[PDB]
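Worksheet: the structure to be examined is printed underneath.
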Amino acid sequence: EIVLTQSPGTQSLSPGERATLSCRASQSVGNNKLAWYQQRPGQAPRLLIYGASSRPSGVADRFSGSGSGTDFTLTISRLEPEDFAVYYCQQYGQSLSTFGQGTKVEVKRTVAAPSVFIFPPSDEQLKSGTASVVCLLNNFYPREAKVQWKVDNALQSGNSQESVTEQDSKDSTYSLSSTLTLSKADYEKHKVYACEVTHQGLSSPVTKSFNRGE
Amino acid sequence: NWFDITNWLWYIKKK
Amino acid sequence: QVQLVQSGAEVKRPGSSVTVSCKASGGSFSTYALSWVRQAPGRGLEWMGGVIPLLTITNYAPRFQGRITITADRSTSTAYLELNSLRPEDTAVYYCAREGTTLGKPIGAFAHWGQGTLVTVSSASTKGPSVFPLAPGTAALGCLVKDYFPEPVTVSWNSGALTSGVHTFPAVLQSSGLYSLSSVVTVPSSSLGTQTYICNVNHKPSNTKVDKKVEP
């Protein structure tokens, strides 16, 4: 089985800049049967390059493929706004076809620290016997951020889930939301609910908190 | 290579 | 032009078998290679296997050999993927893909893609969400769309009139096997007394269509 390595998995680049994406194979790819695909969220992949360097009709010529053997490169001569997407390489020089893990090309912008908000459970939910506490990390860059829940200063584990938005099309930031869920009975056992946030843009962790029933 | 079969097929269905 | 149209999304119980179909039009069906590729939520592409219809020659990836069947029917220009002994790990969007041409010379690489079929492997039953407010310089407010199945839900604000500063998060899969989703928006603090904020939630499978006013 030929292993295709795409490293790094993410490239942060500015609009208009050149991009070079590498695909290294664990052994020589037969007859340079190497293809590149682009994929946007909510869409099927789209073929950009086949046979290492051939471009289908309709694909912009700012995309070019090169290389042979084990070393392949996708070059984007000048990044357009629509070029920020995920790129996959694929070899089909053996009957067992394999894909690389993909490289996300994302928009580089200035560092932005998250604005943090915490939300107590609604009265409506509490009436139903469950308590969800929500922590919002809004409009930050870069994507790496960490959220820790603390309940009466006790670090929580296993009772929260989080998700992150796609990079914003207008200001190129990310947002993250974490939800802590407890039974109403357990929620009522504690006083202080807090989320603690770390990020490159913060010199020290930010904590937002509330006191239950206040 | 299974991915070469249809190319072969295309060729022999011309000649 | 070659168009591939797949069957619709399906929820399958653990251990069951799923059949996904892909009907082609606009080209030659029999002499071009048709593959299946899947993509688990938040993950990369994975080649599963393919078929050359005319020759009835299949080619499966080793890790699916013994668990999948790919077949073709030229009378309807349709290809089928069977995947058996389903597990949660098999939850993915399944794409059919046909090789491109230079009725021309085939190129092997996948130029033509179906729209994808979401297959969700779960024991969960259809359920509509509850919609809870996230009550509010800049203020943040939102809605928590909790405990629904299956995907998807859609959320808008003020019947689509409010999009600036809106963030709707990817759904999370809870231990219950139900999904939860949050949508938030930032607004001027001063607007909290003068402007109404309503999140419009749609979950078609349960016919849950809720318009929740979010108040301080």
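How things are named: the first chain in the structure tokens is A, the next is B, and so on; residues count from 1 in each chain; ligands count from 1 in the order shown.
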
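What chain A places within 8 Å of chain B, counting only C-alpha atoms, is residues 92, 93, 94 and 95 of chain A.
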
Those residues with C-alpha atoms, as a compact mmCIF listing (two decimals), in the first residue's frame please?
# COMPACT_ATOMS: atom_id res chain seq x y z
CA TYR A 92 -3.94 5.50 -8.83
CA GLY A 93 -0.78 3.86 -10.17
CA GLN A 94 -1.66 0.66 -8.32
CA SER A 95 -4.99 -1.15 -8.11

Could you give me, as a count of residues only, each residue of chain B that DSSP assigns to helix (DSSP H, G or I) when run on this structure's backbone?
11

One decimal, in Å: what's the spacing between atom CA of residue C:126 and atom CA of residue C:37?
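Computing it gives 27.2 Å between the two atoms.
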
May I have the residues within 8 Å of residue C:113 as a ChimeraX atom specification, using only C-alpha atoms and disregarding those fewer than 4 positions away in the same chain?
/A:44-46 /C:3-4,95-98

Do you know which residues are at most 8 Å from residue A:146 counting only C-alpha atoms, after dropping those on the same chain fewer than 2 positions away, and could you put them as an MDAnalysis selection string?
chainID A and resid 144 148 197:199

Kindly provide, as a list in words, the residues of chain A having any atom no farther than 7 Å from an atom of chain C, counting only C-alpha atoms.
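Therefore, the residues near the partner are residues 35, 44, 46, 47, 50, 96, 97, 98, 99, 101, 102, 119, 122, 124, 125, 161, 163, 164 and 165 of chain A.
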
One residue among C:41, C:188, C:128, C:8 is nearest to residue C:149 when using only C-alpha atoms, and that residue is C:128

Counting only C-alpha atoms, which residues from chain C have an atom at most 7 Å from any atom of chain B, and could you show them as an mmCIF file with N, CA, C and O atoms, in the first residue's frame?
data_model
loop_
_atom_site.group_PDB
_atom_site.id
_atom_site.type_symbol
_atom_site.label_atom_id
_atom_site.label_comp_id
_atom_site.auth_asym_id
_atom_site.auth_seq_id
_atom_site.Cartn_x
_atom_site.Cartn_y
_atom_site.Cartn_z
ATOM 1 N N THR C 31 -18.156 1.457 -20.333
ATOM 2 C CA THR C 31 -16.713 1.340 -20.535
ATOM 3 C C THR C 31 -15.865 2.297 -19.700
ATOM 4 O O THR C 31 -14.673 2.467 -19.968
ATOM 5 N N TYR C 32 -16.462 2.912 -18.683
ATOM 6 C CA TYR C 32 -15.702 3.802 -17.819
ATOM 7 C C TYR C 32 -15.775 3.353 -16.363
ATOM 8 O O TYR C 32 -16.790 2.812 -15.908
ATOM 9 N N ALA C 33 -14.679 3.566 -15.645
ATOM 10 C CA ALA C 33 -14.550 3.073 -14.279
ATOM 11 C C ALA C 33 -15.315 3.941 -13.302
ATOM 12 O O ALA C 33 -15.199 5.170 -13.307
ATOM 13 N N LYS C 105 -10.892 9.365 -24.468
ATOM 14 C CA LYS C 105 -9.926 8.539 -23.754
ATOM 15 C C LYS C 105 -10.021 8.754 -22.241
ATOM 16 O O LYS C 105 -9.956 9.888 -21.766
ATOM 17 N N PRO C 106 -10.178 7.663 -21.476
ATOM 18 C CA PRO C 106 -10.315 7.798 -20.020
ATOM 19 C C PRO C 106 -9.013 8.223 -19.322
ATOM 20 O O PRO C 106 -7.929 7.871 -19.789
ATOM 21 N N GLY C 108 -8.583 7.944 -15.686
ATOM 22 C CA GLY C 108 -8.427 7.299 -14.385
ATOM 23 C C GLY C 108 -8.865 8.131 -13.183
ATOM 24 O O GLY C 108 -9.668 7.675 -12.360
#

Could you give me, as a PDB file with N, CA, C and O atoms, in the first residue's frame, the residues within 10 Å of residue A:69, counting only C-alpha atoms and dropping anything in the same chain fewer than 3 positions from it?
ATOM      1  N   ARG A  24       4.250  13.539  -0.681  1.00  0.00           N
ATOM      2  CA  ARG A  24       5.339  12.562  -0.751  1.00  0.00           C
ATOM      3  C   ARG A  24       4.792  11.140  -0.653  1.00  0.00           C
ATOM      4  O   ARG A  24       4.014  10.827   0.252  1.00  0.00           O
ATOM      5  N   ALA A  25       5.201  10.284  -1.584  1.00  0.00           N
ATOM      6  CA  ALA A  25       4.750   8.898  -1.603  1.00  0.00           C
ATOM      7  C   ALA A  25       5.798   7.976  -0.988  1.00  0.00           C
ATOM      8  O   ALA A  25       6.998   8.233  -1.089  1.00  0.00           O
ATOM      9  N   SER A  26       5.336   6.903  -0.350  1.00  0.00           N
ATOM     10  CA  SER A  26       6.224   5.974   0.343  1.00  0.00           C
ATOM     11  C   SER A  26       6.988   5.089  -0.643  1.00  0.00           C
ATOM     12  O   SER A  26       8.000   4.481  -0.294  1.00  0.00           O
ATOM     13  N   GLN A  27       6.487   5.011  -1.871  1.00  0.00           N
ATOM     14  CA  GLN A  27       7.214   4.368  -2.956  1.00  0.00           C
ATOM     15  C   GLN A  27       6.826   5.027  -4.275  1.00  0.00           C
ATOM     16  O   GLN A  27       5.868   5.796  -4.332  1.00  0.00           O
ATOM     17  N   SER A  28       7.582   4.736  -5.326  1.00  0.00           N
ATOM     18  CA  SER A  28       7.376   5.398  -6.605  1.00  0.00           C
ATOM     19  C   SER A  28       5.961   5.156  -7.128  1.00  0.00           C
ATOM     20  O   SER A  28       5.459   4.030  -7.100  1.00  0.00           O
ATOM     21  N   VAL A  29       5.315   6.224  -7.582  1.00  0.00           N
ATOM     22  CA  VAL A  29       3.974   6.128  -8.148  1.00  0.00           C
ATOM     23  C   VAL A  29       4.030   5.783  -9.634  1.00  0.00           C
ATOM     24  O   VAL A  29       4.564   6.553 -10.437  1.00  0.00           O
ATOM     25  N   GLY A  30       3.475   4.626  -9.988  1.00  0.00           N
ATOM     26  CA  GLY A  30       3.532   4.121 -11.348  1.00  0.00           C
ATOM     27  C   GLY A  30       2.981   5.075 -12.391  1.00  0.00           C
ATOM     28  O   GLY A  30       1.862   5.568 -12.260  1.00  0.00           O
ATOM     29  N   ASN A  31       3.783   5.341 -13.422  1.00  0.00           N
ATOM     30  CA  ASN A  31       3.376   6.191 -14.535  1.00  0.00           C
ATOM     31  C   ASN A  31       2.877   7.573 -14.135  1.00  0.00           C
ATOM     32  O   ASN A  31       2.091   8.180 -14.859  1.00  0.00           O
ATOM     33  N   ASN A  32       3.342   8.062 -12.986  1.00  0.00           N
ATOM     34  CA  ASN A  32       2.952   9.374 -12.465  1.00  0.00           C
ATOM     35  C   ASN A  32       1.445   9.557 -12.352  1.00  0.00           C
ATOM     36  O   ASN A  32       0.924  10.665 -12.509  1.00  0.00           O
ATOM     37  N   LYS A  33       0.748   8.461 -12.074  1.00  0.00           N
ATOM     38  CA  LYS A  33      -0.695   8.500 -11.875  1.00  0.00           C
ATOM     39  C   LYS A  33      -1.010   9.143 -10.532  1.00  0.00           C
ATOM     40  O   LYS A  33      -1.302   8.458  -9.550  1.00  0.00           O
ATOM     41  N   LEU A  34      -0.939  10.470 -10.513  1.00  0.00           N
ATOM     42  CA  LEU A  34      -1.096  11.258  -9.310  1.00  0.00           C
ATOM     43  C   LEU A  34      -2.086  12.381  -9.583  1.00  0.00           C
ATOM     44  O   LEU A  34      -1.915  13.142 -10.538  1.00  0.00           O
ATOM     45  N   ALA A  52      -0.246  13.771 -12.666  1.00  0.00           N
ATOM     46  CA  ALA A  52       0.765  14.639 -12.050  1.00  0.00           C
ATOM     47  C   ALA A  52       0.741  16.088 -12.550  1.00  0.00           C
ATOM     48  O   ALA A  52       0.952  17.009 -11.762  1.00  0.00           O
ATOM     49  N   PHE A  72       5.717  14.960  -5.392  1.00  0.00           N
ATOM     50  CA  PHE A  72       4.742  15.702  -6.190  1.00  0.00           C
ATOM     51  C   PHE A  72       4.339  17.021  -5.535  1.00  0.00           C
ATOM     52  O   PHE A  72       4.301  17.140  -4.312  1.00  0.00           O
TER      53      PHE A  72
END

So which residues of chain C fall under strand (DSSP E or B) by DSSP, listed as a ChimeraX atom specification?
/C:3-6,10-12,18-25,34-39,45-52,57-60,68-73,78-83,92-101,106-113,117-121,127,130-134,138-149,154-157,162,166-168,172-173,179-188,198-203,208-213

May I have the selected residues written with C-alpha atoms, as an mmCIF file, in the first residue's frame?
data_model
loop_
_atom_site.group_PDB
_atom_site.id
_atom_site.type_symbol
_atom_site.label_atom_id
_atom_site.label_comp_id
_atom_site.auth_asym_id
_atom_site.auth_seq_id
_atom_site.Cartn_x
_atom_site.Cartn_y
_atom_site.Cartn_z
ATOM 1 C CA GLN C 3 -24.235 13.677 -14.310
ATOM 2 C CA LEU C 4 -24.229 11.298 -11.341
ATOM 3 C CA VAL C 5 -27.256 11.266 -9.050
ATOM 4 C CA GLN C 6 -27.216 9.301 -5.812
ATOM 5 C CA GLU C 10 -30.376 6.986 5.235
ATOM 6 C CA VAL C 11 -30.222 5.990 8.895
ATOM 7 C CA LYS C 12 -29.095 2.388 9.387
ATOM 8 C CA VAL C 18 -26.824 -0.428 3.370
ATOM 9 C CA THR C 19 -27.228 -0.101 -0.385
ATOM 10 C CA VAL C 20 -26.423 3.234 -2.030
ATOM 11 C CA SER C 21 -27.250 3.825 -5.680
ATOM 12 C CA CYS C 22 -25.721 6.088 -8.312
ATOM 13 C CA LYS C 23 -27.556 6.710 -11.600
ATOM 14 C CA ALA C 24 -25.533 8.132 -14.480
ATOM 15 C CA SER C 25 -26.571 10.077 -17.557
ATOM 16 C CA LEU C 34 -16.920 3.909 -11.461
ATOM 17 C CA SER C 35 -15.587 4.203 -7.878
ATOM 18 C CA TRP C 36 -16.950 4.802 -4.394
ATOM 19 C CA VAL C 37 -15.256 7.213 -1.967
ATOM 20 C CA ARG C 38 -16.384 7.999 1.556
ATOM 21 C CA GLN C 39 -15.731 10.805 3.978
ATOM 22 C CA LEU C 45 -11.388 11.073 1.682
ATOM 23 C CA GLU C 46 -11.148 7.281 1.608
ATOM 24 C CA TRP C 47 -11.211 5.228 -1.602
ATOM 25 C CA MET C 48 -13.381 2.133 -1.105
ATOM 26 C CA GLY C 49 -13.497 0.386 -4.435
ATOM 27 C CA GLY C 50 -14.693 0.473 -8.006
ATOM 28 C CA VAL C 51 -16.255 -1.396 -10.897
ATOM 29 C CA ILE C 52 -15.862 -1.532 -14.653
ATOM 30 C CA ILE C 57 -14.435 -6.414 -12.900
ATOM 31 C CA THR C 58 -14.423 -5.077 -9.369
ATOM 32 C CA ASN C 59 -11.527 -3.698 -7.366
ATOM 33 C CA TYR C 60 -11.901 -3.331 -3.599
ATOM 34 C CA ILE C 68 -18.551 -4.582 0.365
ATOM 35 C CA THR C 69 -20.093 -5.363 -2.998
ATOM 36 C CA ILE C 70 -20.076 -3.032 -6.001
ATOM 37 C CA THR C 71 -22.320 -3.847 -8.948
ATOM 38 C CA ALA C 72 -23.494 -2.144 -12.121
ATOM 39 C CA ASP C 73 -26.660 -2.383 -14.195
ATOM 40 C CA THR C 78 -26.922 2.602 -12.234
ATOM 41 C CA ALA C 79 -24.104 1.485 -9.956
ATOM 42 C CA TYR C 80 -24.646 0.121 -6.465
ATOM 43 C CA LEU C 81 -22.569 0.050 -3.317
ATOM 44 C CA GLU C 82 -23.404 -2.503 -0.634
ATOM 45 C CA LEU C 83 -21.699 -2.134 2.732
ATOM 46 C CA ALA C 92 -19.992 9.020 6.471
ATOM 47 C CA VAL C 93 -20.944 10.744 3.283
ATOM 48 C CA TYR C 94 -20.581 8.219 0.456
ATOM 49 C CA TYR C 95 -19.686 9.550 -2.986
ATOM 50 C CA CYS C 96 -19.783 7.818 -6.315
ATOM 51 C CA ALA C 97 -17.134 9.043 -8.751
ATOM 52 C CA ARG C 98 -16.543 8.319 -12.410
ATOM 53 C CA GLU C 99 -13.235 8.722 -14.218
ATOM 54 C CA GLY C 100 -12.918 11.645 -16.604
ATOM 55 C CA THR C 101 -12.108 11.696 -20.296
ATOM 56 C CA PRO C 106 -10.315 7.798 -20.020
ATOM 57 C CA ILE C 107 -7.969 9.485 -17.495
ATOM 58 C CA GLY C 108 -8.427 7.299 -14.385
ATOM 59 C CA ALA C 109 -8.708 10.283 -12.010
ATOM 60 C CA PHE C 110 -12.230 11.113 -10.799
ATOM 61 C CA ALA C 111 -13.640 14.012 -12.817
ATOM 62 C CA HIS C 112 -17.315 13.299 -12.185
ATOM 63 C CA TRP C 113 -18.841 13.161 -8.707
ATOM 64 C CA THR C 117 -25.213 10.173 0.313
ATOM 65 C CA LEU C 118 -25.089 10.583 4.090
ATOM 66 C CA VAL C 119 -25.331 7.216 5.808
ATOM 67 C CA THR C 120 -25.772 7.484 9.574
ATOM 68 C CA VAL C 121 -25.250 4.313 11.600
ATOM 69 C CA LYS C 127 -36.661 13.280 17.490
ATOM 70 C CA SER C 130 -35.923 21.638 22.076
ATOM 71 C CA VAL C 131 -34.831 25.215 21.477
ATOM 72 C CA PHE C 132 -33.435 27.136 24.430
ATOM 73 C CA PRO C 133 -32.378 30.774 24.571
ATOM 74 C CA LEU C 134 -28.841 31.884 25.311
ATOM 75 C CA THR C 138 -20.981 44.248 22.276
ATOM 76 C CA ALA C 139 -23.435 41.628 23.535
ATOM 77 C CA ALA C 140 -23.706 37.989 22.537
ATOM 78 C CA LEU C 141 -26.907 35.977 22.406
ATOM 79 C CA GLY C 142 -28.047 32.782 20.793
ATOM 80 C CA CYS C 143 -30.080 29.612 20.750
ATOM 81 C CA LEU C 144 -29.263 26.112 21.893
ATOM 82 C CA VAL C 145 -30.848 23.494 19.651
ATOM 83 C CA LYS C 146 -30.714 20.390 21.783
ATOM 84 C CA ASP C 147 -31.404 16.670 21.333
ATOM 85 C CA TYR C 148 -32.462 16.034 17.739
ATOM 86 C CA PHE C 149 -32.050 13.184 15.267
ATOM 87 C CA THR C 154 -30.937 24.777 9.876
ATOM 88 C CA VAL C 155 -30.954 28.010 11.839
ATOM 89 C CA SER C 156 -31.537 31.577 10.722
ATOM 90 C CA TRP C 157 -32.043 34.838 12.597
ATOM 91 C CA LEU C 162 -29.811 39.060 10.321
ATOM 92 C CA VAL C 166 -24.000 35.169 13.118
ATOM 93 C CA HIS C 167 -22.130 31.949 13.950
ATOM 94 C CA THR C 168 -23.893 28.597 13.650
ATOM 95 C CA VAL C 172 -22.086 17.669 18.173
ATOM 96 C CA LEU C 173 -23.051 14.030 18.726
ATOM 97 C CA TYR C 179 -27.318 15.828 18.162
ATOM 98 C CA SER C 180 -27.017 19.304 19.639
ATOM 99 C CA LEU C 181 -26.264 22.575 17.878
ATOM 100 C CA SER C 182 -25.697 26.167 18.933
ATOM 101 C CA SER C 183 -26.160 29.381 16.961
ATOM 102 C CA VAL C 184 -24.990 32.766 18.245
ATOM 103 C CA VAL C 185 -24.897 36.391 17.163
ATOM 104 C CA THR C 186 -23.149 39.484 18.485
ATOM 105 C CA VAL C 187 -25.072 42.753 18.544
ATOM 106 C CA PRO C 188 -24.622 46.263 19.945
ATOM 107 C CA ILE C 198 -35.514 35.599 16.991
ATOM 108 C CA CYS C 199 -33.792 32.384 16.005
ATOM 109 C CA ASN C 200 -35.658 30.364 13.412
ATOM 110 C CA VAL C 201 -34.995 26.652 13.744
ATOM 111 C CA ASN C 202 -35.959 24.058 11.153
ATOM 112 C CA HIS C 203 -35.696 20.302 11.605
ATOM 113 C CA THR C 208 -39.980 21.046 14.099
ATOM 114 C CA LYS C 209 -40.183 24.661 13.013
ATOM 115 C CA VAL C 210 -39.634 26.968 15.965
ATOM 116 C CA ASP C 211 -39.153 30.722 16.143
ATOM 117 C CA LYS C 212 -37.636 31.501 19.523
ATOM 118 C CA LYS C 213 -37.444 35.084 20.763
#

One decimal, Å: what's the distance from atom CA of residue C:191 over to atom CA of residue A:133, could you say?
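These atoms are spaced 24.6 Å apart.
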
Between atom CA of residue A:179 and atom CA of residue A:109, what is the spacing in Å?
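Computed distance, atom CA of residue A:109 to atom CA of residue A:179, equals 27.9 Å.
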
Selected residue of minimal separation from residue A:167 among A:196, A:188, A:123, A:106, counting only C-alpha atoms:
A:106
